[PDB]
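In what follows, a single structure is set out as structure tokens and then discussed.
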Amino acid sequence: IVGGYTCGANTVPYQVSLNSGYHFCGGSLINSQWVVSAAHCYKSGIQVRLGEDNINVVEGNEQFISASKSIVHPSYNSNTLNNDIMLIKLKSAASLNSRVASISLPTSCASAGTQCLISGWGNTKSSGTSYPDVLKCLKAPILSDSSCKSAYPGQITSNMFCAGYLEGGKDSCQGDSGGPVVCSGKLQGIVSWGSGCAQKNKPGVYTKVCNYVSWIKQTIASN
Ligand SMILES: CC(C)C[C@H](NC(=O)[C@@H](O)CC(=O)O)C(=O)NCCCCNC(N)=[NH2+]
Ligand SMILES: [Ca+2]
Ligand SMILES: [Cl-]
Ligand SMILES: [Cl-]
Ligand SMILES: [Cl-]
């Protein structure tokens, strides 16, 4: 997160870190046994880490649980990042508490202007590199589909939306991949891609989760 603030310990209790020896992606806990992340986060040897603030310090609210199954979207295209969504089933159900909580799926798509909370352990610098160990948060508006497609001609699908600031300075970055975009208690977005980070006229592109709610519920009910 570039130009955000320290969330505060366990203030985003639905935020997970995907760990393969190191944090490599964020994700959202949607029930005791299932995480939503990005398809581009896909890999084997995933441990889901819940109740985390400093990912380098054991602070005592952690739950570490192995993925048993990863389901990348049937239509995920890695060339274009269309349908950049993946489900992860835990080997065992998480113990749900004040620090380890599920976030509701959208009943409907959000519109432009809707304010949203974006969170992650990603890069905090728009030039060079700095990785925080504590969860960073950013308040960002959903942008018009028109200004999104103008920012990234030919690259924005109806399965994508832009959020952030065209003036730049505030954005997600690498390490926030697969993480949450929450608007009015609903998970509407997944950190997917962008040209650089917090750059002028290069807003964050997010997977449009409202498009995936039937596939998510159906897949969870069959798995
Ligand atoms: C290519 C896929 C597999 C990974 C993806 N890559 C990118 O976003 C950049 O390489 C694209 C670019 O033009 O710099 C990535 O790192 N995405 C996660 C965070 C994206 C956040 N970027 C924002 N908001 N500017
Ligand atoms: Ca920790
Ligand atoms: Cl509900
Ligand atoms: Cl910072
Ligand atoms: Cl489309």
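Residues are named by chain letter and number: chains run A, B, ... in the order of the structure tokens, numbers start at 1 in each chain, and ligands are numbered from 1 in the order shown.
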
Could you tell me, counting only C-alpha atoms and all ligand atoms, which protein and nucleic acid residues lie no more than 7 Å from ligand 4, written as a PyMOL selection string? chain A and resi 2-5+124

Do you know which residues are at most 12 Å from residue 114 in chain A counting only C-alpha atoms, after dropping those on the same chain fewer than 6 positions away, and could you put them as a list in words?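 Those residues are residues 139, 140, 141, 142, 143, 144, 161, 162, 163, 164, 181, 182, 183, 184, 185, 186 and 188 of chain A.
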
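Shortest separation to residue 192 in chain A among A:103, A:18, A:118, A:94 occurs at residue A:118, atoms counted being only C-alpha atoms.
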
Taking only range 18-208 of chain A into account, list the residues labelled helix (DSSP H, G or I) by DSSP (computed from the backbone), as a PyMOL selection string. chain A and resi 39-41+145-151

Keeping only N, CA, C and O atoms, write those residues as a CSV table (one decimal), in the first residue's frame.
```csv
chain,number,residue,atom,x,y,z
A,39,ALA,N,-6.3,-15.2,-9.0
A,39,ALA,CA,-5.8,-16.4,-9.7
A,39,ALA,C,-4.3,-16.3,-9.9
A,39,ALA,O,-3.6,-17.3,-9.9
A,40,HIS,N,-3.8,-15.0,-10.1
A,40,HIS,CA,-2.3,-14.8,-10.3
A,40,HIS,C,-1.5,-15.1,-9.1
A,40,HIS,O,-0.3,-15.3,-9.2
A,41,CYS,N,-2.2,-15.2,-7.9
A,41,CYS,CA,-1.5,-15.7,-6.7
A,41,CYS,C,-1.4,-17.2,-6.7
A,41,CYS,O,-0.7,-17.7,-5.7
A,145,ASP,N,-16.0,3.7,-14.9
A,145,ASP,CA,-15.5,2.7,-15.9
A,145,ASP,C,-14.9,3.4,-17.0
A,145,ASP,O,-13.9,2.9,-17.5
A,146,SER,N,-15.4,4.6,-17.4
A,146,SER,CA,-14.9,5.4,-18.5
A,146,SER,C,-13.4,5.8,-18.3
A,146,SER,O,-12.5,5.5,-19.1
A,147,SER,N,-13.1,6.4,-17.1
A,147,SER,CA,-11.8,6.9,-16.7
A,147,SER,C,-10.8,5.7,-16.5
A,147,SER,O,-9.6,5.8,-16.8
A,148,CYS,N,-11.4,4.6,-16.1
A,148,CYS,CA,-10.6,3.3,-15.9
A,148,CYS,C,-10.1,2.9,-17.3
A,148,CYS,O,-8.9,2.7,-17.5
A,149,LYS,N,-11.0,2.8,-18.3
A,149,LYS,CA,-10.6,2.3,-19.7
A,149,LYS,C,-9.7,3.3,-20.4
A,149,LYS,O,-8.9,2.9,-21.2
A,150,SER,N,-9.9,4.6,-20.0
A,150,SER,CA,-9.0,5.7,-20.6
A,150,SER,C,-7.6,5.6,-20.1
A,150,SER,O,-6.7,5.8,-20.8
A,151,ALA,N,-7.5,5.2,-18.8
A,151,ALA,CA,-6.2,5.0,-18.1
A,151,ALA,C,-5.4,3.8,-18.7
A,151,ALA,O,-4.2,3.8,-18.8
```

Could you tell me how far CA of residue 82 in chain A sits from CA of residue 157 in chain A, in Å to one decimal place? 6.7 Å

Would you mind listing what lies within 12 Å of residue 80 in chain A as an MDAnalysis selection string, with only C-alpha atoms counted and same-chain residues fewer than 4 positions away left out? chainID A and resid 39:40 75:76 84 152 154:157 159:160 192:194 205 207

Find the distance between atom 2 (C, counted along the ligand's line) of ligand 1 and CA of residue 177 in chain A and write it in Å to one decimal. 8.5 Å

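If only C-alpha atoms are the atoms counted, then among A:166, A:210, A:105, A:216 the closest residue to residue 197 in chain A is A:166.
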
Which residue, A:77, A:130, A:63, A:195, has the smallest gap to residue 32 in chain A when you use only C-alpha atoms?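 Using only C-alpha atoms, residue 32 in chain A sits closest to A:63.
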
Atom-to-atom span, CA of residue 135 in chain A and CA of residue 6 in chain A, Å: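 Going from CA of residue 135 in chain A over to CA of residue 6 in chain A, I get 6.1 Å.
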
Interface rows for chain A against ligand 2: nearest pair, Å to one decimal, 12 Å, only C-alpha atoms and all ligand atoms, as JSON lines:
```
{"residue": "A:9", "atom": "CA", "partner": "ligand 2", "partner_atom_place_in_ligand_line": "1 (Ca)", "distance": 9.6}
{"residue": "A:10", "atom": "CA", "partner": "ligand 2", "partner_atom_place_in_ligand_line": "1 (Ca)", "distance": 10.2}
{"residue": "A:16", "atom": "CA", "partner": "ligand 2", "partner_atom_place_in_ligand_line": "1 (Ca)", "distance": 11.0}
{"residue": "A:17", "atom": "CA", "partner": "ligand 2", "partner_atom_place_in_ligand_line": "1 (Ca)", "distance": 10.0}
{"residue": "A:19", "atom": "CA", "partner": "ligand 2", "partner_atom_place_in_ligand_line": "1 (Ca)", "distance": 11.8}
{"residue": "A:22", "atom": "CA", "partner": "ligand 2", "partner_atom_place_in_ligand_line": "1 (Ca)", "distance": 11.9}
{"residue": "A:23", "atom": "CA", "partner": "ligand 2", "partner_atom_place_in_ligand_line": "1 (Ca)", "distance": 11.0}
{"residue": "A:49", "atom": "CA", "partner": "ligand 2", "partner_atom_place_in_ligand_line": "1 (Ca)", "distance": 8.7}
{"residue": "A:50", "atom": "CA", "partner": "ligand 2", "partner_atom_place_in_ligand_line": "1 (Ca)", "distance": 8.9}
{"residue": "A:51", "atom": "CA", "partner": "ligand 2", "partner_atom_place_in_ligand_line": "1 (Ca)", "distance": 7.6}
{"residue": "A:52", "atom": "CA", "partner": "ligand 2", "partner_atom_place_in_ligand_line": "1 (Ca)", "distance": 4.8}
{"residue": "A:53", "atom": "CA", "partner": "ligand 2", "partner_atom_place_in_ligand_line": "1 (Ca)", "distance": 5.4}
{"residue": "A:54", "atom": "CA", "partner": "ligand 2", "partner_atom_place_in_ligand_line": "1 (Ca)", "distance": 4.5}
{"residue": "A:55", "atom": "CA", "partner": "ligand 2", "partner_atom_place_in_ligand_line": "1 (Ca)", "distance": 4.2}
{"residue": "A:56", "atom": "CA", "partner": "ligand 2", "partner_atom_place_in_ligand_line": "1 (Ca)", "distance": 5.7}
{"residue": "A:57", "atom": "CA", "partner": "ligand 2", "partner_atom_place_in_ligand_line": "1 (Ca)", "distance": 4.4}
{"residue": "A:58", "atom": "CA", "partner": "ligand 2", "partner_atom_place_in_ligand_line": "1 (Ca)", "distance": 4.1}
{"residue": "A:59", "atom": "CA", "partner": "ligand 2", "partner_atom_place_in_ligand_line": "1 (Ca)", "distance": 5.2}
{"residue": "A:60", "atom": "CA", "partner": "ligand 2", "partner_atom_place_in_ligand_line": "1 (Ca)", "distance": 7.3}
{"residue": "A:61", "atom": "CA", "partner": "ligand 2", "partner_atom_place_in_ligand_line": "1 (Ca)", "distance": 7.6}
{"residue": "A:62", "atom": "CA", "partner": "ligand 2", "partner_atom_place_in_ligand_line": "1 (Ca)", "distance": 6.2}
{"residue": "A:63", "atom": "CA", "partner": "ligand 2", "partner_atom_place_in_ligand_line": "1 (Ca)", "distance": 9.4}
{"residue": "A:64", "atom": "CA", "partner": "ligand 2", "partner_atom_place_in_ligand_line": "1 (Ca)", "distance": 10.1}
{"residue": "A:121", "atom": "CA", "partner": "ligand 2", "partner_atom_place_in_ligand_line": "1 (Ca)", "distance": 11.9}
{"residue": "A:133", "atom": "CA", "partner": "ligand 2", "partner_atom_place_in_ligand_line": "1 (Ca)", "distance": 8.6}
{"residue": "A:134", "atom": "CA", "partner": "ligand 2", "partner_atom_place_in_ligand_line": "1 (Ca)", "distance": 8.6}
{"residue": "A:135", "atom": "CA", "partner": "ligand 2", "partner_atom_place_in_ligand_line": "1 (Ca)", "distance": 10.3}
```

Between A:47, A:203, A:128, A:106, which residue has the minimum interatomic distance to residue 91 in chain A, considering only C-alpha atoms?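 Among A:47, A:203, A:128, A:106, it is A:47 that comes nearest to residue 91 in chain A.
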
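Nearest-residue note for ligand 1: choosing from A:79, A:158, A:66, A:97, the minimum distance belongs to A:79, counting only C-alpha atoms and all ligand atoms.
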
Between A:120, A:168, A:175, A:113, which residue has the minimum interatomic distance to residue 28 in chain A, considering only C-alpha atoms? A:120
